[PDB]
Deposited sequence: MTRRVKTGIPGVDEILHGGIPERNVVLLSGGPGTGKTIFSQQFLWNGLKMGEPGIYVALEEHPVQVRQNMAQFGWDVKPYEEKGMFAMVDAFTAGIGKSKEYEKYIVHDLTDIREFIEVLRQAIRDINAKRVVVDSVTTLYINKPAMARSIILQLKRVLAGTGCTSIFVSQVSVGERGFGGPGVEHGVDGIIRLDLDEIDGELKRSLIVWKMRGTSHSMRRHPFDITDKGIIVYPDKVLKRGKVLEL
């Protein structure tokens, strides 16, 4: 089977959607849409009755809710329903309001994984987003490989299908070799104008579009154009 991202054009680009248990790496530079994209993935997940967990390391949950809320995505209700979770692995990297979930020390991936399996259990999560995974090893690159594979085993085991968001200043040291899929979002200046484009570089378990497709970010999120191709 597959997992329908719900993101206009994407499921057609993946020929049906993301294969189950697959951990997809969404990489790209700043402002390419990785945040809106992965949030949309989870949001659409909810509308289809699929449990979702957002592991934030870049922003605090109260902030994430506000960002999504501005696109017309109110997770608060589902949060009360027990169909959506927000894991705070953010306040730990900046200092010290509680939450159902929180990682106090990311020195090790141990507590990180402990708290993760909890949120998955409580809502029987199906969809998961780690934004971002880069923060777990940016200053400890040799440990990236083990970290990516370990989180992978855990998620796939619980039947979850994942987007790891990778921040790029390549796709990210075994990281791009460890994941099942790779979707790169690009923002390129062409003839004096910035053009957004998406391309599925890798996707274990399926055939997929081999073309670079433009896309726009709108008030209601991302919209990819499967019938169009952008030439850089």
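Counting from residue 1 of the deposited sequence, the stretches lacking C-alpha coordinates in this chain are 1 to 2, 99 to 100, 174 to 177, 181, 242 to 247.
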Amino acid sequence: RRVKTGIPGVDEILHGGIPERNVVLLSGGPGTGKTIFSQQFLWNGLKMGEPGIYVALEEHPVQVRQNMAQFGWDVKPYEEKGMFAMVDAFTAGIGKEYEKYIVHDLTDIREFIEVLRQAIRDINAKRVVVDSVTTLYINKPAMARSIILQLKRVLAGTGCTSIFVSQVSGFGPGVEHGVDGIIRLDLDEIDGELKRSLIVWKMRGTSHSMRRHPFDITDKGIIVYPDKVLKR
From here on, numbers count along this sequence of modelled residues.
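The question of which stretch, 73 to 81 or 129 to 137, has the higher mean Cα B factor is settled in favour of 73 to 81. As recorded in the PDB entry, 120 to 128 is the stretch of 146 to 154 and 120 to 128 with the greater mean C-alpha temperature factor. Ranking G181, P173, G205, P30 by Cα temperature factor from the entry places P173 first.
Comparing the C-alpha B-factors of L198, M48, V168, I190 in the entry, the top value falls on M48.
Ranked against the other modelled residues of its chain, the C-alpha B-factor of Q40 as given in the entry falls in the middle third.
In the PDB entry, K4 places in the middle third of its chain by CA B-factor.
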